[PDB]
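Chemist: Pasting in a structure now, in structure tokens, and then I'll have a few things to ask.
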Amino acid sequence: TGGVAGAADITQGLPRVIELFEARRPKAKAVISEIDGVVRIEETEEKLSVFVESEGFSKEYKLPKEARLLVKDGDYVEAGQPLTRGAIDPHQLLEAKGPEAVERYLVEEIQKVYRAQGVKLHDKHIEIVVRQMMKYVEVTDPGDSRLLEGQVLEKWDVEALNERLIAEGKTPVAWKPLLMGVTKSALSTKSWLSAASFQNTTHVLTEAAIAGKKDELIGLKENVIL
Amino acid sequence: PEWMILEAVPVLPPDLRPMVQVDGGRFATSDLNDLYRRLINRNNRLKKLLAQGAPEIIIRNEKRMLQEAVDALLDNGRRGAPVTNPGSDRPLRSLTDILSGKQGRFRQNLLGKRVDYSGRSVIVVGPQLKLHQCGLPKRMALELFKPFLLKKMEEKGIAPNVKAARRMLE
Amino acid sequence: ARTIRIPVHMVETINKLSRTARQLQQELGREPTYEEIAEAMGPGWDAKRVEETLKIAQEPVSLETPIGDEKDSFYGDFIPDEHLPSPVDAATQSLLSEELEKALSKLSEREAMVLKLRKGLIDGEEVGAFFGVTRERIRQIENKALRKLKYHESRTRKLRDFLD
Amino acid sequence: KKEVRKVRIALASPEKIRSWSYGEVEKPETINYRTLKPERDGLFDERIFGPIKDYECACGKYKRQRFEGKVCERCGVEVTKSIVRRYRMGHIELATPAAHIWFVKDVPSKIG
Amino acid sequence: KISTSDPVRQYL
Amino acid sequence: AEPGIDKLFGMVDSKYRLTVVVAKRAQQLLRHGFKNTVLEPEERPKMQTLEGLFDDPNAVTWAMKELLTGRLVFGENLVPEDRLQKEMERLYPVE
Amino acid sequence: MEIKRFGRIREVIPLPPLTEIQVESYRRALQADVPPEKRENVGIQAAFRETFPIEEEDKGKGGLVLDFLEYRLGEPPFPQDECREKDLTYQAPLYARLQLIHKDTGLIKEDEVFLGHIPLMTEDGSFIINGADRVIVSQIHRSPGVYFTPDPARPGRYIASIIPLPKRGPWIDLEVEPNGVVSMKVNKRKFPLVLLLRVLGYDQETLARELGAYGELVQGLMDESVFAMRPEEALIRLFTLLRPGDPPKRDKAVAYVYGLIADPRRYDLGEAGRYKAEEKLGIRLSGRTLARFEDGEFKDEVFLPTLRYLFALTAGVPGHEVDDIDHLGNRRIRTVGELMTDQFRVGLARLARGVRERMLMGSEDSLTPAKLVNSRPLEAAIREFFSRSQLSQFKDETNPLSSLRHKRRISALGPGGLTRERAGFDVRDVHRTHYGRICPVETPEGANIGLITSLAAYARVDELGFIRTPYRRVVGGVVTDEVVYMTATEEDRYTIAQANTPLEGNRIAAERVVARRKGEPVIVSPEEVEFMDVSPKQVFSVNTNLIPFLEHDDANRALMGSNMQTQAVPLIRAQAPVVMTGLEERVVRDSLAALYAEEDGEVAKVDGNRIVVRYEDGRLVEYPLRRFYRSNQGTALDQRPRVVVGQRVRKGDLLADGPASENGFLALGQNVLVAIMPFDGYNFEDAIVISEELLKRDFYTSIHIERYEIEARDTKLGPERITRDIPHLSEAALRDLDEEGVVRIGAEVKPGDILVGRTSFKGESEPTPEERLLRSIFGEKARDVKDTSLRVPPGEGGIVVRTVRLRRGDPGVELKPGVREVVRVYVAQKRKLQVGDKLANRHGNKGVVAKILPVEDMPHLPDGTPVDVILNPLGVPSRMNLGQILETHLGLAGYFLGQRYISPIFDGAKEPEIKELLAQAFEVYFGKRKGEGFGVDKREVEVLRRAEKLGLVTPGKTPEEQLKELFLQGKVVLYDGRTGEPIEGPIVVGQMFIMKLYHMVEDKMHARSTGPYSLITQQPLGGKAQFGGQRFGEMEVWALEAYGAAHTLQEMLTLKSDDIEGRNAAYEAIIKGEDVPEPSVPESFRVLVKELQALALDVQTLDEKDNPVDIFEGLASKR
Amino acid sequence: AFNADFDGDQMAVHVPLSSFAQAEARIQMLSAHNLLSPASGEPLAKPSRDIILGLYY
Ligand SMILES: CCCC/C(C)=C/C=C(\C)C(=O)c1c(O)cc(CCC/C=C/NC(=O)OC)oc1=O
Ligand SMILES: [Mg+2]
Ligand SMILES: [Zn+2]
């Protein structure tokens, strides 16, 4: 949404619900507070600057000229809180407050659009979708397969639980909650059948092949094909 | 991993790459057959070039052609685009792209089956009609429920049998 | 060059037709009637010949061409199937064989099975049709069983409705 | 007789290429016009891919169902309707190999 | 690149 | 709508169970013969060209009408899989 | 009857010749009517001149000069009608004079060579390519001129652009990126803007000071001095810059190309490109483009002015140099002529190509005729344009108006060079310039919106495609008739006013009165009004101008109105609207519906088939009347007389009426009295309730016709005989097959009757071993031929009205190869109005008949006259077209006043005048009621009670005075009809015009049980005697997926469509009252698996335990 | 439920062939059984354009 011109700040309508389901870079991004502390601002000519600080540490964040700041010199700002005005990038909010924050940010900011036009759809539905936007997690402390890999969350709760409950052998599998847009979430799933369905099918197959992938039939598209 | 290199090219079934009689004397065949010939001819010319004697510029020249052809049937267009002959500067369809076209991004490109007991007409408000029902043209009900009717035809004196009942309604 | 193979004669033959054609158009301003191509070509050329050659020369049509508006229309969807028995046919040969088999069992196997197997099993000659018994008992039972079979089938009209 | 539960794509071993196949397609001739019938040993050949005519064979030596499954002598033919023709695979054997473009040219060359 | 030129280059 | 649909919905643990039961019940109502029903007596299925639904109109309308009564029993594993078809053949005749 | 038209607007000039666009575009395209001594040399002759002087000099021996003398085409091979009976393409033969010169003594002139058969146009404006009348649609694009435009990535400064069409011809751009470079691109890569000027002769000192003294950017020009110090060497230097590895020496070769002939263009010297020059930038251009080859030293009056203006455009206000591309002075319209002349040129080039080869082939000097010319290129080229061009399409003759529109609609899409579908939203919208030039309403609902559109009322293509339009000349506060057809560009220079401005004759009447400078509404004074609009009409298209009170209807649903008329079906009873705009009359006349009289005279004979009038000049001519003719779409085109025997004829008076005219007036549909209220539910969202009485009279009824054909083919199994012989069962079917073979004329053919019979052979010599037995048994009636006979497809036929039997080919008809003979069978049928049909007024109210009520019980007025159709109010608020509610009112008056009126587009009727006519109506409706003997009902008073409590009648007055009030409001009292009681509250009623719409082939309510299937993909397939299945798409899958419809979905994918063994056992099972088997694998899958196996991938199904399972039953295993 | 007015919109019609297919079809897929929307627990069988107009007056 919007067009490069002077200062067009948000994105409305469907274009936005797109920008939301697929975790994307809003044009008017709002710098969030990675830190939860107190605010401090400055006057020099070119760029502004908001500083969050606790008895522990402080962090500066460049807030260029257009930046309309919502926070004032004085009070507290929880992690992932709007420090700039406008849109927020789900990934950032994820790494700041956590899965629990992006999730509910995605949901409500999506209904912000519908509600505004008239549509009254229950939250449930957007939840089911967003949920599977984060079904994936990244690995940093391996056991069975190399570290940098993106794999299904519960599929790790499988190998992890078994490794730790039984004597571990030695591997507590350390992961990182990963956020991916609805379109990519599904682009990369278990069953190659379904992946062959969505656009990339020349590749989907190639790799499902090499790995001798067995498609367990669960899920309707993959099972309807057959 | 040794299998990624092809030396034995599987050939798709024949009835799946028909040869049919159209109208007047015109024959229609699956584009695939023009690619297959390519391969076959080149593969043969190759063998004959090996046995005849072998100037190696000439053997590679063809080993290349051969490779290109091996591509063509599999997937056309990832490199150079094959055209039978003037009339259609249209890429000969190919296995790869037949499969894709199936489920790939387009509006449903070529996605959707056609059902055997169906039918459609213009709709019109049925005020007295109850939620429960809907008014369906009898004439439609007839070939819709034709087989279901045929036997109740037989279950009652209207017709002696099944083929009877069919011609009775032709 | 072509999909359907054609020997080097039909080839040099057809090339001459087209050659001869070009030359003919040079004069009339009328795409020659096949009458004029026969002539120009020579000794044994007639309409039936040019027409045929112009047909064999007609290369095939690509089973997969953009059809109607070019959008997304392949040509193959439009071609019907001709070996495969549409449900109507499966039903036909069901009753036909079901009751053709009922008649076959109720008849004397002597000349019924003879004509049933020498016409229905593999392809099949009167004298050579019956085992040891000559033609007088063949014709005898063939024509007498075949009519008794037909006249009772006349009573209980099952076959009357000409099956196909 | 067993509920299909898992589907699996896996690379094709040249020996499995031939495992699936029936006879080689060694000549470019589709269908010769005089007799609209599969010609030498080419794309269509009732013996490689299957019997074109429903249960009958090619020369007519054997023609009906009872002997279902036996092959002719001068013209190779095992029969079921034209459908077996429709499902059977034939193979071609290349002089000097070549490779799949699917594996060579995919952003991440799976061989590169 | 374009299969005609490198062969031509080749034998020419 | 259709007779005691609610009453029906209430009998099952799952909606999709009431669909499986009726559908399979209608199946057998035809297969073993149609009188397999438990309710021919005083009031049962009826149609008006003549009242003859008593014989074979809709299988499924029956199944529901019977299930709405408390005679049938639908379990997850009530009677051994293959052995039933055998004893049902034995007892219910015009097949 | 009579006619009254409200509040005038002084109509200054009549509407131009409507089909003018397509008619005379072909006139100036081909000049056959007038020999080569006439000056108009564009199009064909131009194209000819363009590629005729074929100069071929040296490579071996040359000095070839083939020259063009005169082009002349004249005797049509066959005529129009025979061209339709027989499949023929109506084309005129063309042979021009040609003479080739020699470098040796001799010039052989072989006069003619008939190359190219070029189609001709019908007097109406439509063609005849193959059997069907076709139409060439016009198009739009960027016209050739130099322009300047902004820069999107870097907000800094804008760049210049030189646009030269044809395609072959450079495309220049001037951009300055000062850290050290300037960019001037022809094909792509940039070079110093100065290296070129230096080549032509502009030196750093004279250039920089005169051009950019006022432009500091001049410093970028004199920057690379090292090269600017050598003139002619710069020519070679640039040569070096383009890159092949070319010979430095080539005196004046490539400079020529960007010089005089090819690349820049042969578009007429003077107005084609030099227009975009002198006004936009750089004032002079003689010689077509930057051209010269006289001294080897080139002159470029174009190269410097472009930079001139970039320097200027960047600097300040020389003028404000910003080009809105969507200015019609920039986006031009391609009329038919140009479209052909281009394809004619392409052919000529293809011709001139082959001929070049034969200048070396021919032995010695006799090489003029055959040695240089071959007609197969021009033929294939032109022929492909009229028959395969995406631009030429089936004429849409649902009804005349239609064809007229399709005759003049400008599409975007086309050559591909102009506007493909990718881009659009800037083109799709209506631009300020589209005024009087393109309707803002006519575009098509749907994906393809705003890109395809018909032009406006007076809007006409000046000689080169710039939709311009008429405007009067107001001098001071004085308005005049001298109308200037002003180009799109010049229009911006003046202050134009609207016609609505109060006028006494030549005077302007109000101080502050509207006008609009350039695309922007401006309240100007009488002293600034330089020009005035011709008519409100020129603002829209013909097709739209036909709407009564367009003024009160939302431009959105007026479009619907315009497009709806394009779907009007000719009714045997045609009526003009109770209220018309004023163009009905000229639509049928510019269109060629009705037959008008040349000069004055008297009528001799008035047949149902011919009116032989006899003029006063002492001459008499027979005017045939296309009795019943098939229209490309299937609508009746009958010319039916309107003049009696021995009659005076006005010059130009209707002798016969067209398919849809009543009396010279356009008529589609019929005026019918309508009550505007709610019925049960019969008119619920957009349903129409209709009175049976409408059917009693032959009111909404229309005649249809469709041609069924069948060929006798020549099979190698034996020719397909066409005989009365139908091998297998009854003579009862043969009755109407009267003439042995074909069906008898006037025969009633219902679905499934033999229209024609033919016979082919089946199986080879021995068909069925089992069935041969049956045949010997029951009765050997052996005639091996098969019944392949054209029968009446489901859906329906009517009565046979015409048949054509073309045997192998002795007329002048060419039969296709294999084709033994063809047999067509035209059939016609009456389509009565019925519940499935759909009717819609001009405003936009569209809807379908939901119930045909008995005149017995629908709403009836106090005096026994009941309403024919009952329209639901609710459909009026949401949509916004009160105009229909205004028509209904004016109508009510017209009914009791027995008159019809004409309310112009925006000046027409005005609420007081209509309340006035209603006043006059009240006396005819209630006046007679007084005299006839009775007063007011208990009911009539009762409704008045619920009327005053409402607020429609001034309490206290008398019922006779109250009802007048009530009536003036347009609503009268109505009783139920089914109860006699009144309908609480007055309801409006009146004469609303409503048309009936054409039924597409879709209308045919499909219904399919079982039927054919596709050969490769075995899915249900529509056929000759079975309907063909409906698609179950993704969206519909999910629908079921959402529900717990497990089996129903499986069914849709197996038993019903792909499960080969499934559908069979399915059928049979159903037949015995058994349930359908449970699904086998779908060929869908199997085709995939194999398609997948085709590629090295091995797809294998597996078991419980990873173990192969089998989809392909047993056909893949080579045991 | 189906966005459908009567300006010409045409509806398609299919037939449940197995006893099961119909079982589900009329038990859980018949119209009168699905009155409340899956989007909101708010009725979809809500008196439309005319019915209200009437019941209101
Ligand atoms: C390697 C390729 C995998 C993709 C794939 C399924 C190919 C299936 C092919 C070619 C078919 O034979 C085919 C079907 O079986 C079914 C339908 C219509 C039903 C569509 C159902 C869709 N559900 C869905 O999208 O559920 C979420 O379209 C079809 O074309
Ligand atoms: Mg609609
Ligand atoms: Zn044989």
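Simple scheme: letters A, B, ... for chains in structure tokens order, numbers from 1 for residues in each chain, numbers from 1 for ligands in the order shown.
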For residue 20 (chain B), please output as an NGL selection string all residues within 12 Å (counting only C-alpha atoms; exclusion window: fewer than 2 positions along the same chain).
Modeler: (:B and (14-18 or 22-30)) or (:C and (4 or 60-63 or 76 or 79-83)) or (:D and (30-31 or 33 or 36-37)) or (:G and (1015-1016))
Chemist: What do you get as a VMD selection string if you pick all residues at most 7 Å from ligand 1, counting only C-alpha atoms and all ligand atoms?
Modeler: (chain A and resid 193 to 194 196 to 197 201 220 to 222 224 to 226) or (chain B and resid 99 to 100 102 to 103 110 to 113) or (chain G and resid 1032 to 1034 1037 to 1038 1053 1084 to 1085 1088)
Chemist: Could you tell me, counting only C-alpha atoms and all ligand atoms, which protein and nucleic acid residues lie no more than 9 Å from ligand 3, written as a count of residues only?
Modeler: 15
Chemist: What residues of the protein or nucleic acid chains come within 12 Å of ligand 2 when you use only C-alpha atoms and all ligand atoms? Reply as a short mmCIF file (atom, residue, chain, number, x, y, z; two decimals) with N, CA, C and O atoms, in the first residue's frame.
Modeler:
```
data_model
loop_
_atom_site.label_atom_id
_atom_site.label_comp_id
_atom_site.auth_asym_id
_atom_site.auth_seq_id
_atom_site.Cartn_x
_atom_site.Cartn_y
_atom_site.Cartn_z
N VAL B 122 -31.46 -21.07 -15.33
CA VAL B 122 -31.67 -19.79 -14.68
C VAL B 122 -32.51 -19.96 -13.46
O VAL B 122 -33.45 -20.72 -13.48
N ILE B 123 -32.16 -19.26 -12.39
CA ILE B 123 -32.89 -19.37 -11.14
C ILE B 123 -33.98 -18.32 -11.06
O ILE B 123 -33.88 -17.26 -11.69
N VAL B 124 -35.01 -18.63 -10.27
CA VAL B 124 -36.15 -17.73 -10.07
C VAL B 124 -36.81 -17.95 -8.69
O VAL B 124 -37.09 -19.06 -8.28
N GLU G 685 -35.75 -10.13 -5.11
CA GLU G 685 -34.62 -9.24 -5.15
C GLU G 685 -34.61 -8.48 -6.45
O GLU G 685 -34.47 -7.26 -6.47
N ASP G 686 -34.79 -9.20 -7.53
CA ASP G 686 -34.90 -8.58 -8.83
C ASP G 686 -35.70 -9.46 -9.76
O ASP G 686 -35.24 -9.85 -10.84
N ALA G 687 -36.92 -9.76 -9.31
CA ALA G 687 -37.82 -10.56 -10.07
C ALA G 687 -38.95 -9.73 -10.58
O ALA G 687 -39.32 -8.74 -9.95
N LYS G 838 -35.71 -12.78 -19.56
CA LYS G 838 -35.26 -11.59 -18.82
C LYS G 838 -35.46 -10.30 -19.64
O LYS G 838 -34.95 -10.15 -20.75
N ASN G 845 -32.84 -1.22 -14.67
CA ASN G 845 -33.58 -2.24 -13.97
C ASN G 845 -33.62 -3.50 -14.80
O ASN G 845 -34.29 -3.57 -15.82
N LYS G 846 -32.84 -4.47 -14.37
CA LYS G 846 -32.75 -5.76 -15.01
C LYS G 846 -33.42 -6.79 -14.15
O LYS G 846 -33.40 -6.68 -12.92
N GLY G 847 -34.01 -7.80 -14.76
CA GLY G 847 -34.67 -8.80 -13.95
C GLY G 847 -35.30 -9.88 -14.79
O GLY G 847 -35.42 -9.75 -16.00
N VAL G 848 -35.71 -10.94 -14.13
CA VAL G 848 -36.29 -12.09 -14.80
C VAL G 848 -37.72 -12.34 -14.34
O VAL G 848 -38.06 -12.13 -13.17
N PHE H 2 -26.07 -17.71 -0.73
CA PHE H 2 -25.42 -17.59 -2.04
C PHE H 2 -25.61 -16.19 -2.51
O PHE H 2 -26.76 -15.81 -2.64
N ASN H 3 -24.60 -15.39 -2.76
CA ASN H 3 -24.98 -14.05 -3.21
C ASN H 3 -25.71 -14.16 -4.53
O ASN H 3 -25.08 -14.23 -5.57
N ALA H 4 -27.04 -14.16 -4.49
CA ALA H 4 -27.79 -14.36 -5.71
C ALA H 4 -29.04 -13.51 -5.78
O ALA H 4 -29.92 -13.59 -4.93
N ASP H 5 -29.07 -12.69 -6.83
CA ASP H 5 -30.24 -11.91 -7.19
C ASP H 5 -30.85 -12.53 -8.40
O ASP H 5 -30.23 -13.43 -8.95
N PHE H 6 -32.01 -12.09 -8.85
CA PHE H 6 -32.63 -12.77 -9.98
C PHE H 6 -32.56 -11.96 -11.25
O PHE H 6 -33.53 -11.82 -11.95
N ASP H 7 -31.39 -11.45 -11.54
CA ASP H 7 -31.13 -10.70 -12.75
C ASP H 7 -30.54 -11.59 -13.81
O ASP H 7 -30.04 -11.14 -14.84
N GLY H 8 -30.60 -12.89 -13.54
CA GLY H 8 -30.09 -13.85 -14.50
C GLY H 8 -29.10 -14.82 -13.92
O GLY H 8 -28.66 -15.71 -14.61
N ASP H 9 -28.74 -14.66 -12.66
CA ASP H 9 -27.79 -15.58 -12.07
C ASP H 9 -28.30 -17.01 -12.21
O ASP H 9 -29.45 -17.28 -11.86
N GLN H 10 -27.46 -17.91 -12.73
CA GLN H 10 -27.83 -19.31 -12.91
C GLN H 10 -27.16 -20.21 -11.86
O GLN H 10 -25.97 -20.06 -11.57
N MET H 11 -27.91 -21.14 -11.29
CA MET H 11 -27.34 -22.02 -10.30
C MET H 11 -27.18 -23.43 -10.83
O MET H 11 -28.01 -23.89 -11.59
#
```
Chemist: Just checking: using only C-alpha atoms, which residue out of D:92, D:104, D:9, D:4 ends up closest to chain A?
Modeler: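 The answer is D:9, which sits nearest to chain A.
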Chemist: Which residues come within 10 Å of residue 88 (chain F), counting only C-alpha atoms, excluding same-chain residues fewer than 6 positions away, as number ranges by chain?
Modeler: F: 28, 31-33, 36
Chemist: How about saving the chosen residues, N, CA, C and O atoms kept, as a JSON list (two decimals), in the first residue's frame?
Modeler:
```json
[["chain", "number", "residue", "atom", "x", "y", "z"],
["F", 28, "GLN", "N", -27.62, -51.52, 4.71],
["F", 28, "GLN", "CA", -28.11, -52.85, 5.07],
["F", 28, "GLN", "C", -29.62, -52.98, 4.86],
["F", 28, "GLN", "O", -30.11, -54.06, 4.55],
["F", 31, "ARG", "N", -29.53, -54.13, 1.26],
["F", 31, "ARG", "CA", -28.69, -55.31, 1.06],
["F", 31, "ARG", "C", -29.33, -56.61, 1.57],
["F", 31, "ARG", "O", -29.65, -57.49, 0.76],
["F", 32, "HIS", "N", -29.52, -56.77, 2.88],
["F", 32, "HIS", "CA", -30.07, -58.02, 3.40],
["F", 32, "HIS", "C", -31.49, -58.25, 2.91],
["F", 32, "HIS", "O", -31.95, -59.40, 2.80],
["F", 33, "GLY", "N", -32.17, -57.15, 2.61],
["F", 33, "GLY", "CA", -33.57, -57.17, 2.19],
["F", 33, "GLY", "C", -34.20, -55.95, 2.79],
["F", 33, "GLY", "O", -33.54, -55.37, 3.64],
["F", 36, "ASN", "N", -35.70, -55.66, 6.91],
["F", 36, "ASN", "CA", -34.79, -55.74, 8.05],
["F", 36, "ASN", "C", -35.23, -54.80, 9.18],
["F", 36, "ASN", "O", -34.80, -54.96, 10.33]]
```
Chemist: I'd like a table as a Markdown table: residues in chain B with an atom no more than 9 Å from chain E, each row giving the shortest atom pair and its distance in Å to one decimal, only C-alpha atoms counted, sorted by chain and rising residue number.
Modeler:
```
| residue | atom | partner | partner_atom | distance |
| --- | --- | --- | --- | --- |
| B:57 | CA | E:11 | CA | 7.2 |
| B:61 | CA | E:7 | CA | 7.0 |
| B:64 | CA | E:3 | CA | 8.6 |
| B:65 | CA | E:3 | CA | 8.9 |
| B:80 | CA | E:2 | CA | 8.5 |
```
Chemist: Using N, CA and C atoms, can you export the residues from the last selection as a compact mmCIF listing (two decimals), in the first residue's frame?
Modeler:
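As written to disk, again_21.txt reads:
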```
# COMPACT_ATOMS: atom_id res chain seq x y z
N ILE B 57 34.56 -34.06 -33.77
CA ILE B 57 33.72 -32.87 -33.69
C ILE B 57 32.26 -33.25 -33.92
N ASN B 61 28.93 -32.82 -31.52
CA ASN B 61 27.90 -31.97 -32.07
C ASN B 61 26.53 -32.59 -31.85
N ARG B 64 25.34 -33.26 -28.13
CA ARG B 64 24.71 -32.04 -27.65
C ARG B 64 23.24 -32.04 -28.02
N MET B 65 22.97 -32.18 -29.33
CA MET B 65 21.60 -32.23 -29.86
C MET B 65 20.79 -33.22 -29.08
N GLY B 80 16.34 -22.77 -24.41
CA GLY B 80 15.88 -22.83 -25.81
C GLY B 80 14.44 -23.35 -26.00
```
